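Engineer: Mind looking over this structure? Questions follow.
Basis: the model, the stated rules and, where named, an outside source; no laboratory read-out is quoted. Note that we place each Cβ from the backbone using ideal geometry, even for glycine, and neighbour counts take in every protein chain shown.
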Amino acid sequence: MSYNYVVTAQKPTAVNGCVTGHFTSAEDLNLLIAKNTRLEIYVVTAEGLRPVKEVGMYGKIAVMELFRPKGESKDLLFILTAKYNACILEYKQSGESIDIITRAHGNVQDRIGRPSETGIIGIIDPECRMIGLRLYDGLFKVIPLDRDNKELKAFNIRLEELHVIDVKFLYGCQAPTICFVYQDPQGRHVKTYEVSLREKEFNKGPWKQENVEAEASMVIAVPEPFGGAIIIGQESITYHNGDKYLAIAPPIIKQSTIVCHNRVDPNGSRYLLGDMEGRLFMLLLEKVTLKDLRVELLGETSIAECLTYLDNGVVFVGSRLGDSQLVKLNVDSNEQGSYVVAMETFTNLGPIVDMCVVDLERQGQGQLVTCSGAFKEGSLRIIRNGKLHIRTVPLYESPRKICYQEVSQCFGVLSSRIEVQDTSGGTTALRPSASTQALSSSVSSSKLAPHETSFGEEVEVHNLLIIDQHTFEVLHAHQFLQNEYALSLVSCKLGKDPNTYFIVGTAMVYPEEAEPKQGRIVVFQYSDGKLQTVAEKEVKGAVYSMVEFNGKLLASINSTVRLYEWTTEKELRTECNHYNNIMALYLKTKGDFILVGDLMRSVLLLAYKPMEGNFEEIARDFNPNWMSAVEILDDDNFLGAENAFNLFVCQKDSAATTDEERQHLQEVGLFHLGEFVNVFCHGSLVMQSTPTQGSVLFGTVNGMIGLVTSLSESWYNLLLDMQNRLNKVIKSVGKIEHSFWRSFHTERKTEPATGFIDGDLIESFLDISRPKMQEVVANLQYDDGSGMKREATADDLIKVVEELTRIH
Amino acid sequence: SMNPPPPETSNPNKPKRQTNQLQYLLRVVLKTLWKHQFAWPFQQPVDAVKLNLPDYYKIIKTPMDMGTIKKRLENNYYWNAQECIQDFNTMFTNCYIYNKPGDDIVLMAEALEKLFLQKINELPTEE
Amino acid sequence: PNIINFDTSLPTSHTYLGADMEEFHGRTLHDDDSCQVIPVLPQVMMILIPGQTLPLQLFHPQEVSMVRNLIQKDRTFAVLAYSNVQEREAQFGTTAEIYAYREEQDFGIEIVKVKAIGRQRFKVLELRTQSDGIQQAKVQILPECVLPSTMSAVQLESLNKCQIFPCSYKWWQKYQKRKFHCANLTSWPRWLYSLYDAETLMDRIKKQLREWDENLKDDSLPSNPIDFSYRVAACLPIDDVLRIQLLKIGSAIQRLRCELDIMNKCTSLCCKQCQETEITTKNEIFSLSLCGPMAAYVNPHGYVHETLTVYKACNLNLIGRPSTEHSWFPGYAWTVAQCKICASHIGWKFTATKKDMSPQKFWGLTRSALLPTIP
Ligand SMILES: Cc1sc2c(c1C)C(c1ccc(Cl)cc1)=N[C@@H](CC(=O)NCCCCCCCCNC(=O)COc1cccc3c1C(=O)N([C@H]1CCC(=O)NC1=O)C3=O)c1nnc(C)n1-2
Ligand SMILES: [Zn+2]
């Protein structure tokens, strides 16, 4: 009943994992990168990287490790998905054809078990004796790496330590040995076990348990001749190996928390470390046994999600908060004291927290301006089709919202920067960002806090940036009040006022107040290069959302939805209120229809009654699940994104049959996207007799961008059957069922995808050979548009899929 | 309409005495039924005004309750045990008459009457 | 206010129900979403909450036979949450498992006294009254929706090693800053996700409850959010419609949020019949029993009252003399209390018999007669 079509306009750019090995050939140095639902395989060259194979999988890559069992010429690739699809793959090339064959595959999901807090952990024993999976608390899954286990059968071993932080397979052990950091009421400890395949059980470890740092988080398996394990916390780097115990506490690592590591030298002499602030350190092990540990600050890179050393001092830095990097490590530091020189920068749009569509250059040619990244990696991204040209405007602070004002030829962007407590009294920024380097800046004037400050703790400073549309210079940066958080942003005209204003909703956030009880609605006018505050209104709560509503202002304040009218005296006058059973986080509009949304998937549809001056509840639905973004497709369809990377679509029945049933929103569409949608907005990037109606672009966390549109019943049926016939013929990497991948999957329920057409699967029809096309179209006759049953050939569907691709 | 006066409990012209059966009926029977769980509706005359039962004293021509019987025993109103036994039975019979079989209060009255009868079989001979 | 030397274990025991009952240690739990055919007790009119102790006294022969049949079987009956009490309409309900029973002889009639406890919520699929007059209910077990951490879908893998944690406001600031860091990847800040975190809501409820019961949360209050939310709901003095709306909630997060919103808004307790006569305030609430300030007790006639213990009460008339017969709180004598304006029964005034007891007097107000009110 939904009849919807969702397609990917930009593949995920964020990097969540990267490894190096010998996957394509025993002589080649291969770099493997994971981008959620993408796997990229390059060959490391003296120049840089040479792309050899990019594939897509029907899952979210959570574990990616290379290993070579004795008896194989080159490395094999182990991959686990978010839905617990495990697979072992091998690279195969003959001439020009490149195929990623599946050596083994299987679902490793248990019938019962609580998914743990540290998430999925996957390790491989050095001698390729087993694969250890850590998915549920108190259970260690073991997949023995025999030549007969093509189904990847596994067995569980009970864990007395229920809260495991990290675990690694140790080197140089007669039996496969795991070393892990756990926490109990006594504190955090490190402990070793041996995995017995004969008994399928645990045996006492090589060295006894030790009490470690309270924030010991990372475990590194040091290879031979060293052996042992390195434990990294927030203040100390320790090393354990039987009788060997060596701890250091370098203060240079106390500033930020180290979150990733990578081995440089094959023997474990040097390691790379990356903290949350993007700093890159070098951990050096001094020699048969270890002599000492040393930490040297190499420099600053992008906020690294993963690191990998290539060769000749070239390091790849995979980032999810910003652009990924290829950097060079020199022996001698430069004039500023950094050993790091950037060689190449790869664009990453993630995370996209907000976006808008503007006809910047040519009229009718839509372009997408997005707020991307966070902290020093934050930026604006301008995307237009040519595949996609992208311009980057670095902000060095965290952008949150954005809107376009045509009459002023500029954008309004909400942003936030981190500062630390001054030595005397006040705050100080860590780096110069967009808010501190504007051509003109101002702060709000108070018109409305015990236990002040602390010792150098972080505080957020929120600003409204007026940014030129042609040059993207920060024309103005208005700072908000102390302890004021900016939530909503709107550019519109109101009432009989011809001036266009920037309207911002805020909230007074204090640590003692769990829920804000104080907020502002501020109305600025930008003109002549300076921002002036036109209006200020105080509200008793947080302004979570604002929407221009037929020349009026619709604003959500906590659990209330209020309508303001713009008076002749240029003030905000309340017209009506609606007090809801939920706090209105999401507000969308269409005509007189208002869509109110809660974080736990509580949906409400109201209507504004003009002749009465009040709101009226039209419908509602209360199915609890973590939401993320909502949108109105048409008068009767409401699209949303929720928990576990899923999309859904609800319907109403205006006429209907029973007043008790007219108030219910029927769940008519479900789909598993694999991305965490952060923003919906109507618009398209194609130049403006089409099988699709409407166009809603959505931006996600991993940088992926998608498009959703509506279909007719005949088109939806034809495309669903096309999907079935294409799944019957297309070979999947890892042999994962497309229906299983697209199934609405939370750990509480799994249903098949309904009312949604996977646009990518239908577009893959043009990339298969003509015989497979004739296979798919064979014995079709599912066309019920004329009234009977029209036959279909390969060329008809080729043209259909070409017209469907021409929408993005 | 309004409630009638309660039954009389003392008469100075009436002779008083302490027979063994009546002192047993006071110290044992009425004490056993009075502390019982279901006793409270019978511890005082039916307040037909507060209970909104305008037909109660039109149907019940001989009202009786355990409070009246207690006061009659304490004031040595009874000359013999049969008087007090008949008062108890009049109370129970009135309760059965005005109400309907199976009503909660009918079951409570049946319980109290069963306890009364099993206590009354142990009536001692006079001194 | 004052201090107390009462021993709060005696109220929970329901000692007024006779000698030591035959107690059961077994437990029967039905699988989620499964359908069961459960008998319904006729005279039960309470909206039972899981975990709430329910005492009953049954002397109708039909009720006694049904209770015997239940004792010989799985010891579970259905308590319908009536939306319309007069026409016996029920869409939701809660199962109750008998854990103690006692048939009393040397009594005028055969009477059975029972202590049960609510177990699982359920939806009423079908109600059919048998030829015996007793009715059975085809019933669907409603599951407990436990949702994962709101940051589980947005968690960075590199930060997975920091999601396990080793002046309370500073500790909670650090907790919020560390657990909800990845919130910067979404359209919402950290303090918003704190409003849907089970532990934060539980701590705020723990403060608002420390107001009433002086028992430390180290043992008396559960750690599981579902058990905690049900324990809180069982002792919240609200009207039947609010209680049904709270019973319809499946997610413990929404339940805790609704309970906190009630505790923050609701301040006065007025007469339900008057709607305009203040009886007490949230500040005079105090717990005389382990189960909290409010608990279900049974009178000598099978009627069930959810009594809430408060230190002071206003606008009440006292009817009759104090009595210790069938006292729910041993050592205290009760006195009927009516509203000063409409004369409706609000509860009882309990007064101590020994001059050494503390408190010397308090008020037990029945929930069915109260109405929450916000100024
Ligand atoms: C005075 C009389 S005379 C008399 C009747 C009465 C009430 C009846 C009748 C009907 C039903 C029952 Cl059950 C009993 C009696 N019926 C009429 C005919 C008639 O009009 N019937 C209509 C239905 C009336 C229902 C009215 C039902 C009663 C209403 N109150 C309660 O039940 C609750 O209050 C009580 C009562 C007693 C003891 C306690 C409580 C209580 O709250 N607590 C608490 C205190 C605190 C604590 O710590 N512990 C506790 O336990 C008690 O201890 C008729 N016929 N013949 C006769 C004779 N009667
Ligand atoms: Zn009243």
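Engineer: Please go through region A:245-280 and give me each residue that is assigned to a loop (DSSP other than H, G, I, E, B) and either within 14 Å of another protein chain (Cβ to nearest Cβ) or among the β-branched types (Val, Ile, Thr) (or both), ordered by number. Steps first, answer last, please.
Structural biologist: Step one: filter region A:245-280 for residues assigned to a loop (DSSP other than H, G, I, E, B), giving A:249-250, A:255-257, A:264-269, A:276-278.
Hits for region A:245-280 are A:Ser256, A:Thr257, A:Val264, A:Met276, A:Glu277, A:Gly278.
Engineer: Here is a list of conditions, (1) on the phi < 0 side of the Ramachandran plot; (2) of a type in the set (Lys, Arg); (3) surrounded by 15 or more Cβ atoms within 10 Å (Cβ to Cβ), and A:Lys570 meets all of them except one; can you say which number that is?
Structural biologist: Every listed condition holds for A:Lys570 apart from (1).
Engineer: Next up: Looking at region C:336-357, can you tell me whether even one residue there is surrounded by fewer than 22 Cβ atoms within 10 Å (Cβ to Cβ), closer than 23 Å to C:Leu260 by Cβ and of a type in the set (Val, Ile, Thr)?
Structural biologist: no
Engineer: Now for a separate question. Is there any pair with a first residue in region C:260-280 that is within 14 Å of chain A (Cβ to nearest Cβ) and a second that is within 16 Å of ligand 2 (Cβ to nearest atom) whose Cβ atoms are under 9 Å apart and which are 6 or more apart or on different chains, and what are they?
Structural biologist: Correct list of pairs: C:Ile262/C:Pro372; C:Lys265/C:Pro372.
Engineer: Separate question: Just give me the residues in region C:153-185 being more than 8 Å from chain A (Cβ to nearest Cβ) and among the polar types (S, T, N, Q), in sequence order.
Structural biologist: Listed by number, the residues that qualify are C:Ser168, C:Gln176.
Rundown of residues vs (1) more than 14 Å from chain C (Cβ to nearest Cβ); (2) not hydrophobic (A, V, I, L, M, F, W, C), yes/no style:
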{"site": "A:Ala644", "(1), (2)": "no, no"}
{"site": "A:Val649", "(1), (2)": "yes, no"}
{"site": "A:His664", "(1), (2)": "yes, yes"}
{"site": "A:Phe676", "(1), (2)": "no, no"}
{"site": "A:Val708", "(1), (2)": "yes, no"}
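Engineer: Same structure again: Tell me the residue from C:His301, C:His305 that is within 12 Å of ligand 1 (Cβ to nearest atom) and within 14 Å of chain B (Cβ to nearest Cβ), please.
Structural biologist: Within the list C:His301, C:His305, the selection yields C:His301.
Engineer: Let me ask something else about it. Could you tell me whether C:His326 is away from ligand 2 (no atom under 16 Å from the Cβ), out of contact with any strand residue (DSSP E or B) (no Cβ under 7 Å at 6 or more places or on another chain) and either within 14 Å of chain B (Cβ to nearest Cβ) or not aromatic (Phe, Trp, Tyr) (or both)?
Structural biologist: So C:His326 passes the test.
Engineer: May I pose another question? Among the residues in region B:41-61, are any crowded, with 20+ Cβ neighbours inside 10 Å and either away from ligand 1 (no atom under 16 Å from the Cβ) or within 14 Å of another protein chain (Cβ to nearest Cβ) (or both)?
Structural biologist: yes
Engineer: Looking at A:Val44, A:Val7, A:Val52, can you tell me which residue is outside the structural domain of A:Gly318 (by CATH) and either surrounded by fewer than 21 Cβ atoms within 10 Å (Cβ to Cβ) or of a type in the set (D, E, K, R) (or both)? Steps first, answer last, please.
Structural biologist: On the way: A:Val44 fails: outside the structural domain of A:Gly318 (by CATH); A:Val52 fails: outside the structural domain of A:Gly318 (by CATH).
Unique residue meeting the criteria: A:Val7.
Engineer: With the structure loaded, tell me whether B:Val29 is more than 16 Å from ligand 1 (Cβ to nearest atom), β-branched (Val, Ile, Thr), under 30 Å from C:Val64 (Cα atoms) and surrounded by 16 or more Cβ atoms within 10 Å (Cβ to Cβ) or whether it fails that test.
Structural biologist: Yes.
Engineer: Filter region A:596-640 for residues that are of a type in the set (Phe, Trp, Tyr), part of a strand (DSSP E or B) and within 14 Å of another protein chain (Cβ to nearest Cβ) and give the result.
Structural biologist: Residue satisfying the conditions is A:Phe622 alone.
Engineer: Please give the helices (runs of 4 or more DSSP H) falling wholly within region C:125-213 in which 3 or more residues are outside the structural domain of C:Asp227 (by CATH), in contact with a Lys or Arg (Cβ under 8 Å, 6 or more places away or on another chain) and closer than 30 Å to A:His462 by Cα.
Structural biologist: none
Residues checked against (1) surrounded by fewer than 23 Cβ atoms within 10 Å (Cβ to Cβ); (2) over 28 Å from the mean Cα position of the chain (by Cα); (3) in the same structural domain as A:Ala104 (by CATH); (4) of a type outside the set (A, V, I, L, M):
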residue	(1), (2), (3), (4)
A:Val679	no, no, no, no
A:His682	yes, no, no, yes
A:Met687	yes, yes, no, no
A:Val696	yes, no, no, no
A:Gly703	no, no, no, yes
A:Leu720	yes, yes, no, no
A:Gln723	yes, no, no, yes
A:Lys735	yes, no, no, yes
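Engineer: Could you list, in sequence order, all residues of region A:755-780 that are surrounded by fewer than 18 Cβ atoms within 10 Å (Cβ to Cβ) and closer than 12 Å to A:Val6 by Cα?
Structural biologist: Those that are surrounded by fewer than 18 Cβ atoms within 10 Å (Cβ to Cβ) and closer than 12 Å to A:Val6 by Cα: A:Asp760, A:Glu763.
Engineer: A further question follows. Every residue in region A:14-40 that is out of contact with any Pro (no Cβ under 9 Å at 6 or more places or on another chain), more than 14 Å from every other protein chain (Cβ to nearest Cβ), buried (at least 21 other Cβ atoms within 10 Å of the Cβ) and assigned to a loop (DSSP other than H, G, I, E, B), please.
Structural biologist: Listed by number, the residues that qualify are A:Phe23, A:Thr24.
Engineer: Hey, another quick one. Quick check on region B:95-122: of everything there that is over 22 Å from B:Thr62 (Cβ atoms) and surrounded by fewer than 13 Cβ atoms within 10 Å (Cβ to Cβ), which residue is nearest to ligand 1 (Cβ to nearest atom)?
Structural biologist: In this case the residue turns out to be B:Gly102.
Engineer: Only one of A:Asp125, A:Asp166 is within 30 Å of A:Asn267 (Cα to Cα), of a type in the set (D, E, K, R) and away from every other protein chain (no Cβ under 14 Å); which?
Structural biologist: That would be A:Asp125, the only listed residue that is within 30 Å of A:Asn267 (Cα to Cα), of a type in the set (D, E, K, R) and away from every other protein chain (no Cβ under 14 Å).
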